[PDB]
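Report on the following structure.
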Amino acid sequence: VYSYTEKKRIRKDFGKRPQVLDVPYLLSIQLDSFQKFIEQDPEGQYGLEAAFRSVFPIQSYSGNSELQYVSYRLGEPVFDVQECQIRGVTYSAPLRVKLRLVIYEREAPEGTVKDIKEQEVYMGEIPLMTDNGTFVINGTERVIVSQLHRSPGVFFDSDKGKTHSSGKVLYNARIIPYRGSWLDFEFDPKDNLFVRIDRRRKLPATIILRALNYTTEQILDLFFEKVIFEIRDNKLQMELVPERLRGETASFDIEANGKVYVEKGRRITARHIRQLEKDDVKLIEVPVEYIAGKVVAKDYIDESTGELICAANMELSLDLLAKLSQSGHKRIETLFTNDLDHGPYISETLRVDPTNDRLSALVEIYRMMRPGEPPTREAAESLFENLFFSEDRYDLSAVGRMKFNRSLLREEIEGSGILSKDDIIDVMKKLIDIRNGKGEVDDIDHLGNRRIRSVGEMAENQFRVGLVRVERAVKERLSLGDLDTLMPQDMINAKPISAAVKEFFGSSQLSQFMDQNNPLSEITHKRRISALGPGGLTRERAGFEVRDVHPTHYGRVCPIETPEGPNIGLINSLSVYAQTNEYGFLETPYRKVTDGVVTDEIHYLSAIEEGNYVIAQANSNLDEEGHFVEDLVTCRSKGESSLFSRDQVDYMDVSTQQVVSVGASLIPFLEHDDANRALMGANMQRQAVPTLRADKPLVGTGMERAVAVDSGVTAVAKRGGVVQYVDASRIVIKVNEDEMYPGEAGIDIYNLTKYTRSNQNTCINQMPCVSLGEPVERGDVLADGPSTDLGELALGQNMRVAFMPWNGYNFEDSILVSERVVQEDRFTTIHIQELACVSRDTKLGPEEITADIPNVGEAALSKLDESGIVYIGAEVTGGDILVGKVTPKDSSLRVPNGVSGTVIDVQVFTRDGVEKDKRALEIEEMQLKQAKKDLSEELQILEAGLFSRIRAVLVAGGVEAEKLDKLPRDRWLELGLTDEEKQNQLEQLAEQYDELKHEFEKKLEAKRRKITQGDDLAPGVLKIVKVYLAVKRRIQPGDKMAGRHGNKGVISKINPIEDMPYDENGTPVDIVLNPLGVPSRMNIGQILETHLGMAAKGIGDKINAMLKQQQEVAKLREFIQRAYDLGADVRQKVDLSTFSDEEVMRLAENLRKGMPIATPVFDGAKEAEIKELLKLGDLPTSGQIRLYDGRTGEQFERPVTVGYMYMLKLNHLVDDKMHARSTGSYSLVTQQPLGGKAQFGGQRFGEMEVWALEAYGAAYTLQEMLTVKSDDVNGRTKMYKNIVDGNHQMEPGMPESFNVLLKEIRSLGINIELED
Amino acid sequence: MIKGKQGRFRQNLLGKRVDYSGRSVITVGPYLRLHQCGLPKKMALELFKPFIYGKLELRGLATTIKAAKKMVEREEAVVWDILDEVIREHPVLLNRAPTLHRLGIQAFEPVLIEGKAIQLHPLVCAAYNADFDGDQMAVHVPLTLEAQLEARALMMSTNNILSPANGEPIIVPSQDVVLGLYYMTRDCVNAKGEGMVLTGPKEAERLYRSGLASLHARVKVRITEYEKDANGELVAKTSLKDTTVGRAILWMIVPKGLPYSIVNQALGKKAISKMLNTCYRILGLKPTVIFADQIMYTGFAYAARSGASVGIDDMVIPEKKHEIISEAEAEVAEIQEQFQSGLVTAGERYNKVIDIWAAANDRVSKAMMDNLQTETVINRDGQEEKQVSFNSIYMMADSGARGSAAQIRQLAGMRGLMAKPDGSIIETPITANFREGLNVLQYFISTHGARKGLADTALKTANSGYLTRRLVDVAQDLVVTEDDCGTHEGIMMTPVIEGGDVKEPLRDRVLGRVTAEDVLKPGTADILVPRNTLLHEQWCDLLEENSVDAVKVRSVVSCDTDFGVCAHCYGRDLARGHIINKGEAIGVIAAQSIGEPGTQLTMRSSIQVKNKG
RNA sequence: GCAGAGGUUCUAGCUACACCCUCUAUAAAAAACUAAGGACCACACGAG
DNA sequence: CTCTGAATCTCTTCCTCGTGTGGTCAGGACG
DNA sequence: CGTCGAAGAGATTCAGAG
Ligand SMILES: NCc1c[nH]c2nc(N)[nH]c(=O)c12
Ligand SMILES: [Mg+2]
C-alpha cells in the first residue's frame, strides 16, 4: 500500500538488503532527555524531584526548625515562542514549589510539632524546550549539544614509556567521583605505593591507610600471605607449602623424612612440585640462614620485660631471632615475599612512612592538604571525614557505583555513594595485582568508559548548585530569626537559583548558537556530541589517541564526520541508529540470531557487551528463511574481522547504514569515494544556503524523506481528513469522524510562518503542498519548508554537468557556469537582514526620533514618513536613510554600504512612561485589528466545522432538517431534541460553546492588554526600532559552489549561452567542470553519480515526450512499470496495476522532470543496473557523448562525459568578502586599521610578511608599511596632504606602538631611554 | 602585556596592520599576462582615493576636498576616467595569507575588471600555492615613489622566475596547459594525413585547422632551426626533420634560439620545466617571459579541443585480479593451517601473511599497469601494432598533470594493506578498489588513515611554523657587506652515494659556488681552472670531461668578514644567474627556504654490486 | 584670524597638522583650503 | 667527604591570516 | 553630589665510592 502523498512522486529505489527496523525519530536524544528533567517522577530518580530531595531536608542546627519539600509544578508560560522571539524574552515557565514548615518544641527532637505552615513559593525561572528541541534564551534559538566525558569510577592507566627514561612502567590508579575530589594511587620506580589526592604533592600510600584506624599488623595481614615458623628442638622446623615454593629457586636442598626431592642449586620443575604435592608433606627443614632474611609478619614481645623482641614488618635479625628463641614464642610469622609473584610493594612504603599513629597520619594529611596552616586535633578529623566520607562533599553517582563495582569484579549494582574503607583497600589490591602480572590496564578511549551527558543532566546539576547556595542561605537565616514569626517565603530567594540556571543557559561552552543554514544543519547540530566544555578536555590538553577513531565506534558514533581544523575528532557526530543507554553509555541495535535462523526481534547492545559476542555483517546473503546461504560468514569478534561458521554467530547488524551519521548518509555512492573526501562532502552540506525554487535531488540516498519530516521545517498533519480551505498563509483541515474525539473535536488549523529572518540571515518560508479537496492522511507533509520539496530534503539544484578542460576557465578547481543558470534564476537566494536603531537617554537631553533632519536635502526625506520611519515597502540602497535620529547638539540610521533591499516590516518597541508616536499607534492598531480578525476567523471556521458535525446528530433522532434551518443556526436549543445517547453529548457541546464564548470575550481583552502595554527594555533607552531588509543575492563570479561528494570551487565566468558546448541534439550544457581533480583526490563517486543522473533525466525526457503529445494512459503505464522493474532484483517492487489510472497522469507530471533514484549508501546500485537503465532510454551505454565546441563550432574528439549532478551553493558568497579601505578610524594604540570587520579595517601585515619583505631588497615599502601607513600621527596627516598635492614623499616619524612599549617598560621600574 | 603572542613585541611592533589594504576571493584570470592581475572596480576605487582627489584637484573639477569626496561617492562617469589614470603604471602587491617563503608576496600591474573577485595569472598559482577552492588574497598598495619603483624592479612577477631555494624554475606549467601540450605532442600509428610532406609550421597549422589531417600524424616537415653557436650570432640551418603535425604546430611558439631536440619528445611536465630552464639559460629573461606566457595560451587552447574527460570505462580492472585474490587466499589458508598444526609461531605466521599479501598487491598492481598502458592495439595500414595507450586516466598520470601511479593503484587495483592507529599493519588487506564497491568493514578500516592524516595537518603546520620562526630569528642579520674576504680555506665537496645510484653528482652541488684552491686537471701539475673563479654551466661542463671528484669550494663557514659574509664566499644568488650583489639580505632567505618544505615533509648478509668495476 | 573680530560653504571648521579671506566693534560681501570614540572572552566556520 | 654524576623540581612554548555570532564591573549605599 | 600534555633546558637537590 502507499499513502496519497507517496503516490504523488514515488521514488525508484535501488538496494537488495531488506531492512527490518525503521530509523527512529532523529531528535529523540534531546526531547526524551529533557522530558526526564521536568516531568514528575514519583520515583524521584534523575528528576527535578531527585534534585529537590537532597537539598530540601532544611534543619537549623539544634534549632528544632524543619522545612520539607512536598510538591512542585510549572506554571503556564507567559509568552509563546512566536510572541517571545520578537520581544527577546526567554521562553520560560515559573517554578512553583510547595514547602511545609513545622515548628518543634525546645529541646524536643522527638516531640510533636506545635504547628504546620504550608504555602506555595515562587523560585527560579526555568527555561523550556520547543517542540523541535531548541531553547529560546534572548530571542535567539539556542541548542545545547550533548557532552561526552570520562565516566565516574576507577581507571588503571599504565604511563608506559617516557616515565623514568629507563624502560620501566609506572602503574597508577584513579578514583574519579561524580562530585568530589580525585584520589590517585601511583607507583614509583623504587616500587613504593604512593597516594595522591587532588593532584597535590605525593604521599606514602600507608598514610591514607593509617588514617582509616588500621594497625601495622592489620595492614600487613591485609596484603600478604604469612609463612608460619614454629620453634622446635629439631633445627627450627618450618611448615613449607609446595604452592609458595613453586616459582622459587632451590636455595638449599629440600628434604622431608630423610628423603630429598628437589636438589640444591637446581631450578624446581613443575613435575617436582607435583610430586611434592602428591607426597602431601607439610613441614620441611630450613637453615637459619634462610629465616634471617625473612621480614617478620607480626610483632613479638618477651613476657619477662614486656618489651617487643622484633617489630612487625621488620627484617628478621638473627640476634633478634635469638632473643625470640630464648623468649620462646611457639609461633613465628613472616610474610611470603616473592619478587616474581608477591612483590613486597607495601613493606617498603611502610618503611618510608614517617608516622606511627592515626593522629600523626591525620596531621600529615592536614599539612599536605592545607599548606601553611597550623594543625588541630579536631580540624584534621573533620577535614578527612569531609573529603571522602561526607554525603554532601562527595557523591558517586549510581553509574559511578556500577562502574566502580564492575571494575572490581563485584556482584551487586546499587550501593552507597560515599567511598567505603573496604573499597579503598580493594582498589589497592587490584593495583598490586596489576603490578604482579594478573589483570590488565583499562583503555581510556574505550567507548564503554565515556558516558554521554545530555541537556537534562547538566540542567539538573546547575539547579543543584543553585539549590545548595540557597540552602546555605536559608539554614543560616532559620537560626537567627525567631521561630514561627514569618511565612516560609521570606527565608528563600528565587534569584540565586535563577542567576545559576539562566547563566548556564545563556553563556556556556555548550549552549551554542544554533545555525539554521538548512533543515540538515539543525538536525546535525542538535545531535553533535562534543568532548569539550566543563569537566572535559581542552584543545591544548587534547592528545592524539583521543582524536583517533576507536574500534568500538562501529554504530555508536560517526567515523566520517568531524569538523576540520583545531577541534578535529573531538566533536564527532552521533550515528543514525545509536540510542543512549539508561546509564549514559551508547547502544547500537542488533538482531538476535538463533542456532541457524536470524530472528526478527532486535537487541540493543552496550559498548562492552558487544565484545565477548560474535557479530555477523550486514552484507550476509539471506535466504529469507532466516538461514545464511553460505558456509563461512564474515564477523567481528574482538574488534578484528575474520571468517567464522554459520552456527557460531549470534548477532547481525540491523541495517547497512548504521555506522554513518545523518548528514554523511545522504551522500550517494558514499562507499566509492575516499573517507578524506567524504569528510568534507559531509561538511559542505550543512552550509548550503536554501535557494529560491527548491528542487528535489535527481539522485538521492533515500534518507531525504526522513530528515525533512523529523526536523521542524515542515508541518506534518497530526490528524487525518480532508483539506477544507488552503491559502498561502494558513491550511485548514477538516478531520474525519473516527480520528476525532466525540466532543469538542471541531477542525484543525495550521499557521504557516512566512518570510522570517533566520539565525544566518536566510529566509524561512513555508509553502502549501496540497489543494482543496485533496485527502490528507495522518503523519503526512503538507507544508514544504525552506529547502524542501514534497516533504523530501532538497538543498541544491541539479545541473547538467560536462567534464572537460575549457580554455583554462576551469583551471584547477574553478567551475564555469552558463548564462542559462542565471537566466532561469536557479541560484538567486533570498537574504533577510535585520537592522536596529536605539534611542538612548544621554545627558543634555534625550535624542529625538523625528524626521526633521538638519543639513540634509529634500531627496533623502522622500523615503521618510512624518513620524521619521521609512515606509514599509520602499526600495532602499546603500547610504540611504532608514530612520531619522538627531543627536542633541545627524545620527540617523543608514543602510550599510552595498546593501540594496526592500523593507518588509518594521516593529517599534516603546518603554512605558514615554509617549507612543503616530507610527507606533498605527502599528499597534494594525496588530490589534489583525489579532481580532484572527480570533474571529478561527471562530467562524470552527463554527462552520462544529455545525457540520452537529447536523450528523440532528438527523439522528427523527428531526427534520428544514425546521433546524428555520430556527437560528447558531442556537438549536429552541427545538426539543429527541432523548438519546447523543442528545447529552450535543447539549455538552453547546454548553462548552457558550463557555467558550465567555472565554473568548476575556481572551480578547487579554490580547488587547498584551499588545498595548509598553514593553520592558534595557535601562537608559526610550524606544528601539527594528527595520528588516530583504536582499535578493544572485550568483556571481567568486561565489562558492560545491557538490555533495567533496568537490568544491568558485565560479570563474558566466559564459553566454551560445558559447557553451552542446550535444548533437542542440541542448547546451550548463556547467563545465575540470576532470583533473578526480584522479588526484579519489572522490570517484561523483563520476559514478553523473551517469545515474543522466539515466534519470533520460527517462524523464522519454516520459515528457510521451506526455507532450497525446498518448493512451496504457502506454505511459506500461513504460513506467518497465522502468520500475529494471532487471536485477530490488526490495521496492512497486506495482502500477493498483493505481486508478488517474493518479498515473499525476505521477507522470511529477516525473516528467526526471524520475528520482534512491541509493542506500553501502548497498547501492551496481554498475550493471546503471548500464541497464541507460539502455532503457536511448543514451549511449558508456555514458559519454560527442559534444560540439561553441565558439569554433567544430567537433570535440575523445567524447566527453555529460550528465546531471546535484550542486549546492555554499553560503561563503563573495559579496561578504571585499573590504578594501584607505583611511578611517584608529585604535587606542593608534595602529590605524583597527581590525578588518564590519567596522573598517586593514588586512594585517603579519609577522611573516615582514620577513617576506626583508627577503627582497625592498626596504622603503617596508618602512611605509610600518610607519606612515600603520601608526605615525605626524606621518599619516602629512602624506594624506602630500598625495593630494602631487608629490609622493615620505617622512618616517616613529611608531606610536614603540612609544607605548617604552611606557610599558618605564612603568615597570626599569629605566629605558634613547641616546643621542 | 609585553611578552607572548599577545604582547607588544609580536602583535603591535612587528606586525602592524596597514592602511590602503583589501581582500577578496580568487578567480582564474587566464587572459591577463603574467605581469598583470585583475582588480574589481569597486575595490580599486576605494584603494586609490587620495590619488583620485589629487587628480580631480589638478583637473579643476573639484574646488575643495569636500566636493571631491562628494563626486567620488557619486560614482559618476568622470570618476572612472580619472581612476583609469592613477591605475596605469601603479603596481600592487597580491599577498597570500600564509606566506612561508619569499615568493609569497609578489607585485602585479592592475587591470580593472567588473565583478567582485581578484583575478590571478594561472602560472603564478604555484608559487603562491594558491588553489581556487575559495582562497582569499589581500591586496596592498605602494604609495611613495620609491615603493612604486621597488615593486617594479624587484617584486614584479616577471622578475622572480627562479626560486631562491634552488635554480629550478618556479613558474612551471601546472595542470591544464601541461595536459594540453602532452596531448599535442604524441603520435597515433594511423591517423589521416600519415606520411605526407609539409612545407612548414605555417602550413601545418592550416592543414590541421582544416581537418584534413589529424593532430597526431607522423609526417615530414622542414624547419628553420636557428643556432647561437657563433658567439652573439644566430646561424640558420634548415633540415627536413621527421615529426608529427602536433609537434610542428608547437614549433612556432618557441623562440628561434632553442634547438629542435626539445619539442620532439612526448613533452610531459619535467620536459616543459627543462625547456623553460634552457630558454632562460641561453636566451636571457626578456625572451623567456614571452615564451612562458605564450605556452599557457597554446596549452589551454589545445586542452580545450582535446575533450580529455574521465569515464567509468577508463578505469579498467585487470582480469588477473580475481585469480590473484584466490591464490593469495589459498596461500594465507596454507599458513593458517600450518599455524594450527603448531609448525609455525604466531609472529612468524603473521610476518609470512604480511609478506605474501604485499607480493600479491604488487603483482596485481603490475597486472593493472600493463593492462592500462600497453594494451592499446591498432592497425598500421596492415596487421595490428602495439602503441602506448590513449586512456584518459593514463594520460593524466604519464603527463604528470595530476596524480601518480600510486593513486591509480587505488583506483583500479587493490588498495593494499592499511595501518592501524597505533602503527601496526592489519593482517587482512583491503581487496577492493574504488571503481568497485567498498565494503562496510573495508571502509571503517580505511577511515583510520584518513583521520590520522587529517589530524597530522594541525601539528605539521604548528611545528613547521615554530621551526621557521626560530630559524628566521637566529640568522636574522646576515647581509653580504664585503665583496672579498680574501681567505683561502674552503670546505670540501664530493658526490654523495649511499650504495645505489649517485644521489648528487659533483656537477650539482658545486655549481653556483666559488673554488678555494686551484682545481687541477687529472694530468698532474695542470691547473684546469684558477683558484678564485666562479663556476657557471660552461665550467661545470668542462669539469664533467675531466671527471674530477674532489673540488674545494669556499663557504660562508670559513669566511673571515665580521658582521656579514662575503660575496665570493656565498656564490651564485640562485635567483639571478650572477654573483650576489653587495647587500642582499641572505640571513632570512635561507631560513625561509629551509622552513618552507616543513609543510609537506612527513613528521615520521650479502651485498650485491651494482655494476662491473 | 596682519592683531582683534566675523565668515560663505562642502558635518564640524582661528590648530587637527591646520589654512585663507574681508573688515574696525560687529556682523556681512567672497573664491581657495581638512577627515575623527570603539577592549576582552567563549562558540562555530573557511583556507593554506 | 665531596664533588661525580644522577635524579628531581620548576619555568617555557607549542602557525597564520580571515569570516562571523553571543556575552561581560566596580562597588551599593551615604550623609 | 560627589564620596566613601609533551618535552626540554636549566636550576635545584642530592649522592656514592675510593
Ligand atoms: N568656517 C568659517 C570659514 C569660512 N572659510 C574659512 N576658511 C578658513 N581657512 N577657515 C575658516 O574657518 C573658514
Ligand atoms: Mg584552497
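In the C-alpha cells, each chain is lettered A, B, ... as it comes, each chain's residues begin at 1, and ligands are numbered from 1 in order of appearance.
The contact shell of ligand 1, defined as all polymer residues within 10 Å when only C-alpha atoms (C1' of nucleotides) and all ligand atoms are used, comprises residues 1, 6, 7, 8, 9, 12, 13, 14, 18, 19, 20, 21, 30, 31, 32, 33 and 34 of chain C.
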How about saving the chosen residues, C-alpha atoms (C1' of nucleotides) kept, as a PDB file, in the first residue's frame?
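Once everything was written out, this is out.pdb:
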ATOM      1  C1'   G C   1      42.367  85.497  12.121  1.00  0.00           C
ATOM      2  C1'   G C   6      33.263  87.770  11.827  1.00  0.00           C
ATOM      3  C1'   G C   7      32.895  84.394   7.756  1.00  0.00           C
ATOM      4  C1'   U C   8      30.267  81.948   2.565  1.00  0.00           C
ATOM      5  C1'   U C   9      30.174  76.900   2.215  1.00  0.00           C
ATOM      6  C1'   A C  12      32.339  70.446  12.330  1.00  0.00           C
ATOM      7  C1'   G C  13      35.562  74.257  10.565  1.00  0.00           C
ATOM      8  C1'   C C  14      41.493  80.912  14.417  1.00  0.00           C
ATOM      9  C1'   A C  18      45.637  73.167  10.014  1.00  0.00           C
ATOM     10  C1'   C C  19      44.603  77.400   6.239  1.00  0.00           C
ATOM     11  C1'   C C  20      42.597  81.751   3.832  1.00  0.00           C
ATOM     12  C1'   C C  21      39.606  85.961   3.198  1.00  0.00           C
ATOM     13  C1'   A C  30      33.550  86.145  -1.466  1.00  0.00           C
ATOM     14  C1'   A C  31      36.566  82.111  -4.031  1.00  0.00           C
ATOM     15  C1'   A C  32      40.795  78.529  -2.408  1.00  0.00           C
ATOM     16  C1'   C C  33      41.913  75.188   1.902  1.00  0.00           C
ATOM     17  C1'   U C  34      40.981  69.455   6.218  1.00  0.00           C
TER      18        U C  34
END
Under the rule of at most 10 Å, produce a per-residue listing of chain C near chain A: chain, number, name, the closest pair of atoms, and the distance in Å, as a Markdown table, using only C-alpha atoms (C1' of nucleotides).
| residue | atom | partner | partner_atom | distance |
| --- | --- | --- | --- | --- |
| C:11 | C1' | A:855 | CA | 8.1 |
| C:16 | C1' | A:1277 | CA | 8.9 |
| C:17 | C1' | A:1277 | CA | 6.4 |
| C:34 | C1' | A:1281 | CA | 9.0 |
| C:35 | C1' | A:1224 | CA | 8.3 |
| C:36 | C1' | A:1225 | CA | 7.0 |
| C:37 | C1' | A:1225 | CA | 8.9 |
| C:38 | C1' | A:1227 | CA | 7.4 |
| C:39 | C1' | A:1228 | CA | 9.5 |
| C:42 | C1' | A:509 | CA | 6.2 |
| C:43 | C1' | A:512 | CA | 5.8 |
| C:44 | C1' | A:513 | CA | 7.8 |
| C:45 | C1' | A:687 | CA | 9.4 |
| C:46 | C1' | A:1212 | CA | 8.4 |
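Taking only segment 788-925 of chain A, the residues that DSSP calls helix (DSSP H, G or I) from the backbone come to residues 819, 820, 821, 822, 823, 860, 861, 862, 863, 918, 919, 920, 921, 922, 923, 924 and 925 of chain A.
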Interface residues on chain B facing chain C, 9 Å, only C-alpha atoms (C1' of nucleotides), written as number ranges by chain
B: 63-67, 70, 97-98, 129-131, 133-136
Would you output that residue set with N, CA and C atoms, as a compact mmCIF listing (two decimals), in the first residue's frame?
# COMPACT_ATOMS: atom_id res chain seq x y z
N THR B 63 36.67 72.10 -6.43
CA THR B 63 37.34 73.25 -5.82
C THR B 63 38.03 72.85 -4.52
N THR B 64 37.35 72.07 -3.69
CA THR B 64 37.87 71.66 -2.39
C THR B 64 37.79 70.15 -2.26
N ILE B 65 38.33 69.64 -1.15
CA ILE B 65 38.31 68.21 -0.88
C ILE B 65 36.89 67.71 -0.66
N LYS B 66 36.02 68.55 -0.09
CA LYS B 66 34.64 68.13 0.16
C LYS B 66 33.93 67.77 -1.13
N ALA B 67 34.05 68.62 -2.15
CA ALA B 67 33.41 68.34 -3.43
C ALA B 67 33.99 67.09 -4.08
N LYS B 70 32.39 64.18 -2.44
CA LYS B 70 31.01 64.03 -2.91
C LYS B 70 30.96 63.37 -4.28
N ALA B 97 47.85 34.58 2.26
CA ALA B 97 47.75 34.61 3.72
C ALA B 97 48.96 33.97 4.39
N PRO B 98 49.23 32.66 4.23
CA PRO B 98 50.42 32.10 4.92
C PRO B 98 51.69 32.14 4.08
N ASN B 129 51.14 28.79 -3.96
CA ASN B 129 50.45 27.58 -3.51
C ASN B 129 48.97 27.88 -3.29
N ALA B 130 48.41 28.67 -4.19
CA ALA B 130 47.04 29.15 -4.08
C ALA B 130 46.13 28.29 -4.95
N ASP B 131 45.14 27.66 -4.33
CA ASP B 131 44.14 26.89 -5.07
C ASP B 131 43.11 27.86 -5.62
N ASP B 133 39.72 26.89 -4.54
CA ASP B 133 38.55 26.46 -3.72
C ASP B 133 38.24 27.57 -2.71
N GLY B 134 37.98 28.78 -3.20
CA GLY B 134 37.62 29.88 -2.33
C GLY B 134 38.74 30.42 -1.48
N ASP B 135 39.98 30.41 -1.98
CA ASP B 135 41.08 31.04 -1.20
C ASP B 135 40.94 32.57 -1.18
N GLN B 136 41.64 33.24 -0.25
CA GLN B 136 41.48 34.71 -0.10
C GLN B 136 42.84 35.42 -0.07
Using only C-alpha atoms (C1' of nucleotides), determine which residues of chain A fall within 8 Å of chain E; present them as a PyMOL selection string.
chain A and resi 540-543
Take the residues that were just selected and, keeping N, CA, C and O atoms, output them as a PDB file, in the first residue's frame.
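Here's the written file part_19.pdb:
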ATOM      1  N   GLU A 540      44.226  22.337  23.848  1.00  0.00           N
ATOM      2  CA  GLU A 540      45.649  22.163  24.125  1.00  0.00           C
ATOM      3  C   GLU A 540      45.917  20.841  24.833  1.00  0.00           C
ATOM      4  O   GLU A 540      46.894  20.150  24.525  1.00  0.00           O
ATOM      5  N   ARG A 541      45.052  20.467  25.774  1.00  0.00           N
ATOM      6  CA  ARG A 541      45.212  19.238  26.539  1.00  0.00           C
ATOM      7  C   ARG A 541      44.762  18.000  25.774  1.00  0.00           C
ATOM      8  O   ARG A 541      44.869  16.891  26.305  1.00  0.00           O
ATOM      9  N   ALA A 542      44.261  18.159  24.552  1.00  0.00           N
ATOM     10  CA  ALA A 542      43.782  17.028  23.769  1.00  0.00           C
ATOM     11  C   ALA A 542      44.962  16.315  23.123  1.00  0.00           C
ATOM     12  O   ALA A 542      45.714  16.919  22.350  1.00  0.00           O
ATOM     13  N   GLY A 543      45.117  15.031  23.430  1.00  0.00           N
ATOM     14  CA  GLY A 543      46.201  14.247  22.875  1.00  0.00           C
ATOM     15  C   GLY A 543      45.974  13.872  21.426  1.00  0.00           C
ATOM     16  O   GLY A 543      45.272  14.578  20.698  1.00  0.00           O
TER      17      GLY A 543
END
Extract, using only C-alpha atoms (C1' of nucleotides), all DNA, RNA and protein residues at most 10 Å from residue 567 of chain A, discarding same-chain residues fewer than 6 positions from it, and format them as a short mmCIF file (atom, residue, chain, number, x, y, z; two decimals) with C-alpha atoms, in the first residue's frame.
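What ended up in around12.cif:
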data_model
loop_
_atom_site.label_atom_id
_atom_site.label_comp_id
_atom_site.auth_asym_id
_atom_site.auth_seq_id
_atom_site.Cartn_x
_atom_site.Cartn_y
_atom_site.Cartn_z
CA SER A 530 31.47 17.16 21.90
CA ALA A 531 34.23 16.25 24.33
CA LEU A 532 34.96 19.89 25.27
CA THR A 538 40.57 21.32 26.20
CA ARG A 539 42.12 21.75 22.76
CA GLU A 540 45.65 22.16 24.12
CA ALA A 542 43.78 17.03 23.77
CA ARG A 547 41.16 12.10 18.17
CA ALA B 455 44.84 15.27 12.37
CA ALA B 458 47.10 20.55 12.72
#
Taking only C-alpha atoms (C1' of nucleotides) into account, find every residue of chain D that has an atom no more than 7 Å from chain B, and write it out as a list in words.
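Residues satisfying the distance criterion: residues 15, 16 and 17 of chain D.
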Export of the given selection (C-alpha atoms (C1' of nucleotides)) as a PDB file, in the first residue's frame:
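out27.pdb, written as the output of this step:
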ATOM      1  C1'  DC D  15      51.290  28.806  12.994  1.00  0.00           C
ATOM      2  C1'  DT D  16      48.749  32.386  10.380  1.00  0.00           C
ATOM      3  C1'  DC D  17      45.550  35.195   8.053  1.00  0.00           C
TER       4       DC D  17
END
